[PDB]
2 protein chains.
Amino acid sequence: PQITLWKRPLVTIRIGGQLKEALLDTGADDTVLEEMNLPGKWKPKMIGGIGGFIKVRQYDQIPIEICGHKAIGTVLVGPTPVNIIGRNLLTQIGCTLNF
Amino acid sequence: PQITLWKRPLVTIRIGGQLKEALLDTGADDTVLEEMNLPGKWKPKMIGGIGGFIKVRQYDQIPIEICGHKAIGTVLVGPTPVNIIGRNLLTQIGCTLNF
Ligand SMILES: CC[C@H](C)CN(C[C@@H](O)[C@H](Cc1ccccc1)NC(=O)O[C@H]1CO[C@H]2OCC[C@H]21)S(=O)(=O)c1ccc(CO)cc1
C-alpha cells in the first residue's frame, strides 16, 4: 500500500500473541518495541535519540508480522514511548520512500 | 526519487545558503536541526523524543530545499543527535511510504 505522512505512519504489527501499533520509521536503524517479556537470549544495549539514551534488550531473529507481511530480525525492547519499526525490518517488507 | 532503506536515507538540504546533510525521518512529527543560526523571530518550545525532553528554538516559515524539492515551514533548532526532516516538511515535498 501507500502510506501518506499527513499523520503518523502507524500500522498494526504482530509479535507472537500480541498485536501492537507501530511507526514505520525511516529514521530508526533498528526496530524498538515497548517493554515486553520475550523468550530467548538477549543482550543489553543503550540507544540514543532526542532527549538522551534508553537501555534496551536486543533479541535476534524475532519474527514480526507487519500489515500481514512477514519479517524476522533484530528487535530492541525497552522503555520506548512508541513502537518503532526500523529500517532493519522495513527493507524486509519492501518499504521505500517516494517523492 | 525512490529511496530504499538498506542505508540511512540521508540527503543534502539547502537552508540559508548552507548545504547540510539530514535524515528523512518518517517517525518524526517535526523537523529538528542541530545548533545553527537562523534569522528572525523564534519561540522557545520543548519536544520529547525516545530519551526525554529537550528545549528547542522554533522558527516558522523557513525555506528548505530537500533533494531539490522546495518546502517552507517550521524548523526546530536544538540538541538533536542528527539533523532530521520530519513529516511537517516530508508532506510538503510529496513523500509517501510504499510497500
Ligand atoms: C537519531 C535519529 C532519530 C532521532 C532516531 N529516532 C527515531 C525517530 O523517528 C523518533 C521516533 C520517536 C517517535 C515518538 C517518540 C519517540 C521517538 N522520532 C523523534 O524523535 O521525533 C521527534 C521530532 O518530532 C517529534 O515527533 C515524534 C517525537 C519528536 S529514535 O527513536 O530516537 C531511535 C530509534 C531507534 C534506534 C536504534 O537504531 C535509536 C534511536
# chains A, B, ... in the order shown; residues from 1 in each chain; ligands from 1

$ closest_atom_pairs --of "chain A" --to "chain B" --cutoff "7 Å" --atoms "only C-alpha atoms" --output "CSV"
residue,atom,partner,partner_atom,distance
A:1,CA,B:99,CA,5.6
A:2,CA,B:98,CA,4.6
A:3,CA,B:97,CA,5.0
A:4,CA,B:96,CA,4.7
A:5,CA,B:91,CA,5.8
A:6,CA,B:91,CA,6.4
A:23,CA,B:27,CA,6.3
A:24,CA,B:27,CA,6.8
A:25,CA,B:27,CA,4.5
A:26,CA,B:25,CA,5.2
A:27,CA,B:25,CA,4.2
A:48,CA,B:51,CA,6.7
A:49,CA,B:50,CA,5.6
A:50,CA,B:49,CA,4.5
A:51,CA,B:52,CA,4.1
A:52,CA,B:51,CA,4.3
A:53,CA,B:51,CA,4.9
A:54,CA,B:51,CA,5.8
A:80,CA,B:50,CA,5.9
A:81,CA,B:50,CA,6.6
A:87,CA,B:5,CA,5.8
A:91,CA,B:5,CA,5.8
A:93,CA,B:99,CA,6.6
A:94,CA,B:99,CA,4.9
A:95,CA,B:99,CA,4.3
A:96,CA,B:4,CA,4.9
A:97,CA,B:97,CA,4.9
A:98,CA,B:2,CA,4.6
A:99,CA,B:95,CA,4.6

$ calpha_fit_rmsd --fixed "chain B" --moving "chain A"
0.7 Å

$ residues_around --residues "stretch 73-77 of chain A" --least-positions-apart "3" --cutoff "8 Å" --atoms "only C-alpha atoms" --output "JSON, numbers by chain"
{"A": [30, 31, 32, 33, 34, 35, 36, 56, 57, 58, 59, 60, 61, 62, 63, 80, 88, 89]}

$ select_by_dssp --residues "chain B" --states "strand (DSSP E or B)" --output "JSON, numbers by chain"
{"B": [2, 3, 10, 11, 12, 13, 14, 15, 18, 19, 20, 21, 22, 23, 24, 32, 33, 43, 44, 45, 46, 47, 48, 49, 52, 53, 54, 55, 56, 57, 58, 59, 60, 61, 62, 63, 64, 65, 66, 69, 70, 71, 72, 73, 74, 75, 76, 77, 84, 85, 96, 97, 98]}

$ select_by_dssp --residues "chain A" --states "helix (DSSP H, G or I)" --output "compact mmCIF listing (two decimals) with C-alpha atoms, in the first residue's frame"
# COMPACT_ATOMS: atom_id res chain seq x y z
CA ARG A 87 15.00 0.00 8.61
CA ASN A 88 16.18 -3.49 9.55
CA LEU A 89 12.61 -4.73 9.09
CA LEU A 90 11.27 -2.05 6.72

$ atom_distance --atom1 "atom 4 (C, counted along the ligand's line) of ligand 1" --atom2 "atom CA of residue B:66"
18.1 Å

$ atom_distance --atom1 "atom CA of residue B:22" --atom2 "atom CA of residue A:12"
28.2 Å

$ closest_residue --among "A:38, A:19, A:46, A:11" --to "ligand 1" --atoms "only C-alpha atoms and all ligand atoms"
A:46

$ closest_residue --among "A:72, A:64, A:18, A:45" --to "ligand 1" --atoms "only C-alpha atoms and all ligand atoms"
A:45

$ atom_distance --atom1 "atom 1 (C, counted along the ligand's line) of ligand 1" --atom2 "atom CA of residue B:13"
17.0 Å

$ decode --residues "stretch 56-72 of chain A" --atoms "N, CA, C and O atoms" --output "short mmCIF file (atom, residue, chain, number, x, y, z; two decimals), in the first residue's frame"
data_model
loop_
_atom_site.label_atom_id
_atom_site.label_comp_id
_atom_site.auth_asym_id
_atom_site.auth_seq_id
_atom_site.Cartn_x
_atom_site.Cartn_y
_atom_site.Cartn_z
N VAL A 56 17.99 -0.87 26.45
CA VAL A 56 17.14 -1.85 25.78
C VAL A 56 17.77 -3.24 25.82
O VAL A 56 18.96 -3.38 26.10
N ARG A 57 16.95 -4.24 25.54
CA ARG A 57 17.41 -5.62 25.40
C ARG A 57 17.31 -6.01 23.93
O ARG A 57 16.24 -5.89 23.33
N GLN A 58 18.42 -6.45 23.36
CA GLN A 58 18.48 -6.83 21.96
C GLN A 58 18.20 -8.32 21.79
O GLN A 58 18.96 -9.15 22.27
N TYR A 59 17.10 -8.64 21.12
CA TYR A 59 16.73 -10.02 20.79
C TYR A 59 16.93 -10.22 19.30
O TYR A 59 16.53 -9.37 18.52
N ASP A 60 17.51 -11.34 18.90
CA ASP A 60 17.77 -11.59 17.49
C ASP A 60 16.80 -12.60 16.89
O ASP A 60 16.24 -13.45 17.59
N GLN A 61 16.59 -12.48 15.58
CA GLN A 61 15.79 -13.43 14.81
C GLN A 61 14.39 -13.62 15.40
O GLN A 61 13.91 -14.75 15.58
N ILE A 62 13.76 -12.50 15.70
CA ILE A 62 12.38 -12.49 16.19
C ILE A 62 11.46 -12.26 15.00
O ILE A 62 11.61 -11.27 14.29
N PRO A 63 10.51 -13.18 14.77
CA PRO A 63 9.56 -12.97 13.69
C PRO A 63 8.48 -11.97 14.07
O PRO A 63 7.92 -12.02 15.17
N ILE A 64 8.22 -11.03 13.16
CA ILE A 64 7.25 -9.96 13.34
C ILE A 64 6.44 -9.86 12.06
O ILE A 64 7.00 -9.86 10.97
N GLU A 65 5.12 -9.80 12.19
CA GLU A 65 4.27 -9.65 11.02
C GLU A 65 3.83 -8.19 10.98
O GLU A 65 3.35 -7.66 11.97
N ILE A 66 4.03 -7.53 9.84
CA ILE A 66 3.76 -6.10 9.71
C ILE A 66 2.76 -5.93 8.59
O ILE A 66 3.08 -6.15 7.42
N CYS A 67 1.53 -5.56 8.94
CA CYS A 67 0.43 -5.50 7.98
C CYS A 67 0.34 -6.74 7.11
O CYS A 67 0.16 -6.64 5.90
N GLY A 68 0.51 -7.91 7.73
CA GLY A 68 0.40 -9.17 7.00
C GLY A 68 1.66 -9.61 6.28
O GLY A 68 1.69 -10.71 5.72
N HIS A 69 2.70 -8.77 6.27
CA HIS A 69 3.98 -9.10 5.65
C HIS A 69 4.90 -9.71 6.69
O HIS A 69 4.98 -9.22 7.81
N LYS A 70 5.61 -10.77 6.30
CA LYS A 70 6.50 -11.47 7.22
C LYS A 70 7.86 -10.82 7.30
O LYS A 70 8.49 -10.52 6.28
N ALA A 71 8.33 -10.61 8.52
CA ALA A 71 9.68 -10.15 8.76
C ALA A 71 10.30 -10.98 9.88
O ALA A 71 9.58 -11.63 10.65
N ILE A 72 11.62 -10.97 9.93
CA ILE A 72 12.34 -11.64 11.00
C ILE A 72 13.71 -11.00 11.18
O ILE A 72 14.49 -10.87 10.24
#
